[PDB]
Every structure is written in C-alpha cells, then in structure tokens.
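To start, the structure under review is shown below, and the notes come after it.
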Amino acid sequence: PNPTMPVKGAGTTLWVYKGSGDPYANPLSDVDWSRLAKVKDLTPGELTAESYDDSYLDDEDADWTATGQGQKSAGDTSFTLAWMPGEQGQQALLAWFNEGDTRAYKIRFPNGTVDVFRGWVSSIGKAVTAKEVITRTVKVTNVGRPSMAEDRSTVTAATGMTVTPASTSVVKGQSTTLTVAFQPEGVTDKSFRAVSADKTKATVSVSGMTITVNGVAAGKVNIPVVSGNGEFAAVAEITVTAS
Amino acid sequence: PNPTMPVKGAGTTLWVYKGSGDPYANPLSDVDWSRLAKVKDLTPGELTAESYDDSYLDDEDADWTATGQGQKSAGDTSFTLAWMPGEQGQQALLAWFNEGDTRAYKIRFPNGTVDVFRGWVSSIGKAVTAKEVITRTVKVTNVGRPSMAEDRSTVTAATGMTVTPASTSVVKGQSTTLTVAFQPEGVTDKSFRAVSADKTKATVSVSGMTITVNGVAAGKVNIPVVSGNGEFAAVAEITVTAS
Amino acid sequence: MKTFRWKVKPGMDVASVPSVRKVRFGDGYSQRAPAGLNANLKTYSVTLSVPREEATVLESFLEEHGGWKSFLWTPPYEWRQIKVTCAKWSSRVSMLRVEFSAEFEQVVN
Amino acid sequence: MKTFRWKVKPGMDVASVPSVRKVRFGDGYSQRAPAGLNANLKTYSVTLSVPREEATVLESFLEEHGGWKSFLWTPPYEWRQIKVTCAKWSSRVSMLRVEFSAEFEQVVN
Amino acid sequence: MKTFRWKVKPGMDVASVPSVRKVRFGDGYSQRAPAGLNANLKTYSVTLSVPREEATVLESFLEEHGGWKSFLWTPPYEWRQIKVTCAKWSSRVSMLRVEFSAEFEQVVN
Numbered sequence: 004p005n006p007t008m009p010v011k012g013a014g015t016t017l018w019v020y021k022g023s024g025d026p027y028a029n030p031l032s033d034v035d036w037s038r039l040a041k042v043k044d045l046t047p048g049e050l051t052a053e054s055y056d057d058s059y060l061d062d063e064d065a066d067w068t069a070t071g072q073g074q075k076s077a078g079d080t081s082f083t084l085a086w087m088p089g090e091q092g093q094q095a096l097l098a099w100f101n102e103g104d105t106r107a108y109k110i111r112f113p114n115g116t117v118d119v120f121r122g123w124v125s126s127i128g129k130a131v132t133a134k135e136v137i138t139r140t141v142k143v144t145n146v147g148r149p150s151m152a153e154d155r156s157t158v159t160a161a162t163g164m165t166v167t168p169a170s171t172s173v174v175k176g177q178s179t180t181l182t183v184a185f186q187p188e189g190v191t192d193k194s195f196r197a198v199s200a201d202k203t204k205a206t207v208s209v210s211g212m213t214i215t216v217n218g219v220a221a222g223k224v225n226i227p228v229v230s231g232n233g234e235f236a237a238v239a240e241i242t243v244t245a246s
Numbered sequence: 004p005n006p007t008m009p010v011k012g013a014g015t016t017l018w019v020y021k022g023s024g025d026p027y028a029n030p031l032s033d034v035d036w037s038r039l040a041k042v043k044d045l046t047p048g049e050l051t052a053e054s055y056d057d058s059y060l061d062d063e064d065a066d067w068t069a070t071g072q073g074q075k076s077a078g079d080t081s082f083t084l085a086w087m088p089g090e091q092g093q094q095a096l097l098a099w100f101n102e103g104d105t106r107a108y109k110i111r112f113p114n115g116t117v118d119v120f121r122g123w124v125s126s127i128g129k130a131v132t133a134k135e136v137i138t139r140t141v142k143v144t145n146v147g148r149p150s151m152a153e154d155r156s157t158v159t160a161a162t163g164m165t166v167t168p169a170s171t172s173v174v175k176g177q178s179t180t181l182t183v184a185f186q187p188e189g190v191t192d193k194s195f196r197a198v199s200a201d202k203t204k205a206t207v208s209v210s211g212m213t214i215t216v217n218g219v220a221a222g223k224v225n226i227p228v229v230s231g232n233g234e235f236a237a238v239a240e241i242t243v244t245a246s
Numbered sequence: 001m002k003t004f005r006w007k008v009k010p011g012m013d014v015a016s017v018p019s020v021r022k023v024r025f026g027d028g029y030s031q032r033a034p035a036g037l038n039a040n041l042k043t044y045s046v047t048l049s050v051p052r053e054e055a056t057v058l059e060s061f062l063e064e065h066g067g068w069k070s071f072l073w074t075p076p077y078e079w080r081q082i083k084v085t086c087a088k089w090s091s092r093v094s095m096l097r098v099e100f101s102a103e104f105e106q107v108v109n
Numbered sequence: 001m002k003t004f005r006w007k008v009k010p011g012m013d014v015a016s017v018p019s020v021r022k023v024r025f026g027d028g029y030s031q032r033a034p035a036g037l038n039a040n041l042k043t044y045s046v047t048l049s050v051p052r053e054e055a056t057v058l059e060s061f062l063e064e065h066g067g068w069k070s071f072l073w074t075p076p077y078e079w080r081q082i083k084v085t086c087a088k089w090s091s092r093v094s095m096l097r098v099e100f101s102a103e104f105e106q107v108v109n
Numbered sequence: 001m002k003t004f005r006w007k008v009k010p011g012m013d014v015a016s017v018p019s020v021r022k023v024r025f026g027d028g029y030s031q032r033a034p035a036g037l038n039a040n041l042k043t044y045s046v047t048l049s050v051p052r053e054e055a056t057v058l059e060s061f062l063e064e065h066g067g068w069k070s071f072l073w074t075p076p077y078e079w080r081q082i083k084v085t086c087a088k089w090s091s092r093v094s095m096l097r098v099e100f101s102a103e104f105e106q107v108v109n
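Quick note, the sequences are listed as chains v, V, Z, M and m, same order. Under the entry's author numbering, read the first sequence as residues 4 to 246, first letter to last. Under the entry's author numbering, read the second sequence as residues 4 to 246, first letter to last. Under the entry's author numbering, read the third sequence as residues 1 to 109, first letter to last. Under the entry's author numbering, read the fourth sequence as residues 1 to 109, first letter to last. Under the entry's author numbering, read the fifth sequence as residues 1 to 109, first letter to last.
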C-alpha cells in the first residue's frame, strides 16, 4: 500500500454509508458501511467546472480572451455489477433509488486511500443476454463537494537534513559513495539534487538515493547537495590523488 | 537538442509554477517549478481565433466573402498522468483545482525549448480498471497570452559561472557580500540561487544579483550556490568571529 | 468636412414612404394627389463596423455635424450623391471593434 | 468618493441623440438649427460583473451619490474623463457573482 | 410571525431607482436635489422553490401579512436585516415542487 507509486487498480471496492454520523470524518473505518459486492466495472465522477468571462473593455491587450473559474460540479459516478436481487445491498440500492434521498458512498482503492462522494441515484439499468451474467447498471449524480483522497494526505518537513559523505581519497578509474538521509524523524516527501563545484576534476551521478562521485582528474573537489526548493543543503569535499 | 530539426517527443515534461515572480521571464529555469511526473498522455491546447465579417456594400467583387481575424484564445491543455495521491505535485494539483486561481504551467520538449501557459484547472478525472494503472486525467483552460517557444529565438546558452566570495571574518551586527561572475562573454539568460549549508552560523539572502551573508554564529560556514536546473554550482566559505 | 467617407455593412434598410394627399371617407370614393414637389426623401438605416480607434474619428464627425448640418453621401443603393443628416447613431463597443447604428434622412436644403 | 474604478466588461451602448430645432417647410424644403448651445451629452448603457463581496462596495458607492450628484469616470470609448450621474443601477444576484446594469448619463455639472 | 425564514433561489433581482428632485427644461441647465431623507428603499424580485407541502406554510405566512404588516428579512445581498412588504407572490405548482415569485419592497415604518 504505497500511495506515492502508481497502482494497478484491481481490488477496488465500493461501499454505501448506512450510519448516522459524519461519513466524511472517518472513511478509513468500514464499520457503518455496506459493501456492494461483485462490481463488474466502475467509472468515477468527473470534477468539472464552469467558466465566467473575464474580459473588460478597460483592459489593455484585448487580443486574447481571458476567463475565470466559477462554480464546480462533482459529476456522475457510474458502475455496473452482477445482478443479485436477493442480496442485501442491492435491495438497499433500490431503496436508495426509490426514496431518492442524498447519501454518501465511498470507493476504496488498493492504496489504502479512499474517495467518498455524496449523491443520489439517477439511473437504474440492466442488461440481459445469453452466455453472459446479467448485470445491473447504476448511475449516481453527486451533490456538493466530495472528499478526495488528496484531502486525507499528510506532509512532513521535520528538518532531518543529514549528509554523510565518504570524506576519503579517490583515484582515477574508481568511484565513491555519498549518502543523504531523508529521515526528518523518518517520514519525508521531498526531493533533492547534488552536483560538483567544478565539473572539471570530478563528476556526480544522483541515483538510487545516493551520489556516485568519480574523480576524473586529481585535486580537491567540492559537491553542493541541496534538497527541495532550497530549504536545506550541505557541502562535501573529496580529494582525488594522482595514484 | 536541435530546435532547427524535427524531434521525436519522448521526454516531454510538465511543470507548474510555485514561485512568485514572472513565469514568462525565465521559463528555462526549473528553480521555482514543480514537476508533474508519470505523464501517460499529453495534448497541448491549440491556439484559435474567431472571425469577423469584413464585406462592405461599397466594395466591388462581392461574389466572394471576406473575413478578418477576431479574438485569440489559448485553448485547453489536457493531460492524463498516473494517479499518485500521496506525492507532492498531485496534492498541489488538487489544491489548484479547488482554489481556482490561475497558475502558470510549462511544457518542456527535448529541444531545450518550452511553452508556458497561464490557466486554471477545469476538469479532474479518474479511470479505474483492473490490469491498468489508475490514471488521473486533468484538463486546464488557459487565459491571456501564451509565451510559445517561437518567442525565444536567441538563447545564448551561457555555459559559464564563477563565484568569488569575501571569505573573510564577519562580525555580529554586520553583513558581507558575495560576488557572482556569470558572464560567458557577457550575454546570458540564466539566473541562480544560493543557500546556507548549516542555517545556524550564517544566513544568506539573495536578491537581484546581491547576496548578503550574515554571520549569526562564529566559526566556519559554507554557502553552496547552484544556478538554474543544477548544471553549474560552487561553494563559498565564510569565517565568523564571536567578537 | 462635407462627405461621409466610410463603408457600410451589407444589411442596410431603405424606407421610402412617399408623402401624398389622400381623401377618403369610410369605404367610399378615394382621391389621391402627389402633395409636395420633392416626392419622397427615403431613409437609410445604416450600420458600420470599425476598429476601436476609428470610432473616435467617426463619432467626432457625426457629433460635429450634430443633427443639423447635412453632409454629402453616396449610397451603394443607387450610387448617386445626395445630402443627408443623422440624428441618433448609437454605438456598441465590442472587445476589438465598434458597431455604429445610424439613420440617414435625405434632405434638399 | 469621486472616481468610478470598476471596469465594464461586455461592450456598452453609447447613445448620442443631439437635440435640434427642425422646421419642415412645404415641397421638400426644411430648416435646421442646433437648438442648444453646448455640444451633446451622450449616455452609456453599462454592465458590471463583480464578486459577491465587492457588490456591497459597489452598491454603497452608487448609493452615496443616490441618483443626484456626479462622479468622475473614464469611459473605454474615447478615453477622456467625464462627469456622470447614475440613477438606476439594477443588480441581479447569482451564486458567486453579482451582475450590475446601469445608465451613466454624462453631465456638464 | 415577524421573520421570513425561507431560502431564496440564486437568481434574484435588486432594483434601486432612487428618488430625487430633478429640474431641467429642454436641454438647458439641470439641477438635482436628494428629495427625501430615506434615500432609496430598493426592491427585491425574489423566487423560491419549496416542496408541495411547505407551500401551504409559506402562503399562510404571506397571506397573513397580506400586503400590509411588513416583516423582518435578511437578504443575502448585504446580509443586513431590513423590513419589507410583499404584495403579489404568484405561485406555479409543478408536479413535485412549487415556485413562488414575489416582490419585497423595503420600508421604514
């Protein structure tokens, strides 16, 4: 469950809220959530927006049209799933359609991250064919703003900038390793770059979360290492001998 | 990179502006920019221009219609990229869509060229299916005037940077200055940034080629200076006395 | 100056409405006479579209004439120079162009 | 306050209608005079669109003059500052914006 | 009761039309005075959409006030409590909802 790398999207599940608390509060817990099993496929909502004209006569440079973002919509979420009329959850789905109330429903992704929306049923279909299991197709029109998985995400910048260099001699044809700790009390979410100070006696390669330093020419060389936008940095000095 | 010859197009990078300056000034720099990694598909918006009628009762040769260029619009830039909710640049994307402000974003091609637009996110989407990576789909509506790569047709490429510091004692209540020679035969289109290697003994402020170093605490302090995306960099040393 | 030197849009209206002396009571007999000597003077509902900079010149011309002070004009209808006055000339100022909507009532004096 | 600062988006309507004295003689002849002594005033049918929070400021500014009183404004037509009075300023409210319609009449006062 | 406690639809009109004393003959000099003391009282064209059951409560409120008997109201325009009266409030009764179209003329007494 790494929410910083791409995922294959298999194992995603779907639930509908059946409690009375705050669905947006704790969507990680599936206590008061009824699962819709046998989900054939799912098309999530499309968060769109409408534009307002932002062109005034008093403006200079009237050659290019200008706009601005207005209200935003939460789109419709569709999904088809195996038709099981005797299974509770489908009965709850038809009750949701008939009563027509606005209810919350969450989608659990195979990252540990969830996406909970809130809407009402606007379509209940069904495809009947031989040699293929009967499917029930549902469409939910969403209202208001939903809680994306990027809302529950957290960042950490606890200032743990540590640089451990080799700080030893290197020779022609060999290389040395430079290490940068990315543990501001462990958790981190940033990036960094490193480069030599001359590019005439030594070369650097920043990969594998390490720095490979190659002494093409002898002498004293320096390597700045700056993390992120420039929040923190360090300097390493490496000696290259004639031998 | 040969902008005078056709190029393939593998290695196109999308970036968004998090700085406060003018994004159109130096788009080549990646200093105040954040990369949108894992781009599955890209489609830059097409510039268009409406028409106005230009036919008049008085003119002859009325058998053929006439028209003239109206108002230009920078179109809609669309891109689908792998869904990584927990990495910065995608939470920034969702914040950009939610707030609705008009930020700048640039596209860098394997030519050393870059197209920079200004716009706001108008659509945010998802595509869930087993055996395929979950893809977040984004659409951006551009406003105002775009700065296409054809505007920049000179680029002197720089290829030179040196820094001479004071490298002398700094007393409390007084500050020193650092000199940065960035003149490979003078003409340049390239800027820099500098940072302190410890943030305790001395603090550096960089503005308008003026780098002021304050010796907050006594000892030997290091100031790395890196220019542009990280091709050139160097180190300066400053001594600070308690008295 | 004394000559409208601008070019009008295709759609332009030309009303005639001649002035005659007509006598008829109820549905009975009717008698018609040509009334005045200078027949009908027509009326040209005219529209123009000019860039935002020529608007000042056109409006300065029209406001200098100011309802009175007829000027010379060659309508593309009959291509014959006549004398006209303008009294309304409203304007609509779009982002890049401005559209004048005016009326030209032909005169004699 | 004195100066109108908010901008006008869509393309206003500029109406001139100069007042003249006109006498219609007999067979097609006429007599025309400028009636007044000082130019033509011109009026602007104008529309603003402003966020739901700036609408209160706009309404307060337009109320502080209250139909009478004149404020300075530089129309995006001739780009010369003039004195205007507004007496309608209707306003339609929306979800995130408010759209104002008004008739600014230029006055020599 | 004494407080309109319903929520209005997005599109709502606010006309102002201040009352002033204006003196002007022909196109000559003009004089303007602020007439009364309580400036302009505006006018809110308001529309509401309520289910078919709350229509009875809303109409009972409006008909109990019955043209006279101003009530307190907090418009989402300036968010400041005022006193208004309603005189027309037509209604359109759809299959599941009803739509009230009413006018609120702000008063003082």
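Backbone N, C-alpha and C fix where the C-beta goes; we use that ideal spot for every residue, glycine too.
When DSSP states are grouped into helix, strand and coil, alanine 69 of chain v belongs to the coil group.
Taking 8 angstroms as the threshold, the shortest C-beta distance from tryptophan 18 of chain v to chain V does not fall below it. Looking only at V/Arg155, V/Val166, V/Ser150 and V/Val174, the smallest Cα-Cα distance to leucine 50 of chain V is reached by V/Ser150. Counting along the chain, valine 174 of chain v sits inside no beta strand (DSSP E), nor does DSSP assign it H or E at all. Near chain M, meaning a CB-to-CB distance below 9 angstroms, the residues of the stretch 9-34 of chain m are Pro10, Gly11, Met12, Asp13, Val14, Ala15, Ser16, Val17, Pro18, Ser19, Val20, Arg21, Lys22, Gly26, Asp27, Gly28, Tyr29, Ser30, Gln31, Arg32, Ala33 and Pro34.
Between the alpha carbons of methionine 212 of chain v and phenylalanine 195 of chain v lies a gap of roughly 9 angstroms.
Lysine 83 of chain M does not reach chain v, its nearest Cβ partner there being about 18 angstroms away, counting only Cβ pairs nearer than 8 angstroms. Residue state for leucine 97 of chain v is assigned as helix, using DSSP reduced to three classes. Of the candidates Z/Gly11, Z/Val57, Z/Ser19 and Z/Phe71, the residue whose Cα lies closest to the Cα of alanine 39 of chain Z is Z/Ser19. If you draw a straight line from the Cα of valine 124 of chain v to the Cα of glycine 103 of chain v, it comes to about 7 angstroms. Look at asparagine 225 of chain v: its C-beta is under 8 angstroms from a C-beta on chain V.
Cβ atoms of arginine 121 of chain v and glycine 92 of chain v stay farther apart than 8 angstroms, at about 18 angstroms. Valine 57 of chain Z: member of the alpha helix (DSSP H) spanning 54-65, first to last residue. Neighbours of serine 58 of chain V across chain Z, judged by C-beta separation under 9 angstroms: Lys9 and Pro10. Inclusion of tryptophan 6 of chain M and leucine 58 of chain M in the CB contact set at 8 angstroms is warranted, their separation being smaller than that value. In the three-state scheme derived from DSSP, where H, G and I count as helix and E and B as strand, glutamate 102 of chain V is classed as helix. Cβ-Cβ separation between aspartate 118 of chain v and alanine 152 of chain v: approximately 5 angstroms, consistent with a contact (criterion under 8 angstroms).
Non-local beta-carbon contacts of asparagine 109 of chain Z in its own chain, meaning distances under 6 angstroms to residues more than five positions away in sequence, are absent.
For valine 243 of chain v, no CB of chain V lies under 8 angstroms from its own CB, so it is not counted at the interface with that chain. Each of v/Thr144, v/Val34 and v/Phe185 was checked against the Cα of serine 23 of chain v, and the nearest Cα belongs to v/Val34. Residues of the stretch 77-108 of chain M with a Cβ closer than 7 angstroms to any Cβ of chain v, in chain order: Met95, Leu96 and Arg97. Taking the Cβ atoms as the reference, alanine 85 of chain V lies roughly 15 angstroms from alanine 13 of chain v, outside the contact range of under 8 angstroms.
The C-beta of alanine 65 of chain v comes closer than 8 angstroms to at least one C-beta of chain Z. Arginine 92 of chain m and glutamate 99 of chain m do touch by the CB rule: their CB atoms are close to 5 angstroms apart, below 8 angstroms. At the C-beta level, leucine 60 of chain V and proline 10 of chain Z come within 8 angstroms of one another.
For the C-beta of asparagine 40 of chain m, the chain M residues within less than 8 angstroms are, from N- to C-terminus, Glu63, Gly66 and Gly67.
Any Cβ of chain m closer than 8 angstroms to the Cβ of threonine 56 of chain M would place that residue at the interface, and such an atom is present.
Distance between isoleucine 214 of chain V and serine 178 of chain V, taken at the CA atoms: about 10 angstroms. For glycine 73 of chain V, the nearest CB of chain Z lies under 8 angstroms from its own CB, placing it at the interface with that chain.
Two segments are said to touch when three or more pairs of C-beta atoms, one from each, lie closer than 8 angstroms; by this definition the stretch 172-189 of chain v does not touch the stretch 106-118 of chain v. Under the three-state reduction of DSSP output, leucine 41 of chain M falls in the coil class, being neither helix nor strand. In this structure, the alpha-carbon of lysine 88 of chain Z lies about 31 angstroms from that of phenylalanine 61 of chain M. DSSP lists v/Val238 as the beta-bridge partner residues of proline 227 of chain v. Bounds of the beta strand (DSSP E) holding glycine 128 of chain V are 117-130. Beyond the five residues adjoining it in sequence on each side, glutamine 94 of chain V comes within less than 8 angstroms, by CB distance, of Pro88 in the same chain, given in chain order. Residues of chain Z whose Cβ lies closer than 8 angstroms to the Cβ of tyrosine 108 of chain V do not exist, since the nearest Cβ in that chain is about 26 angstroms away.
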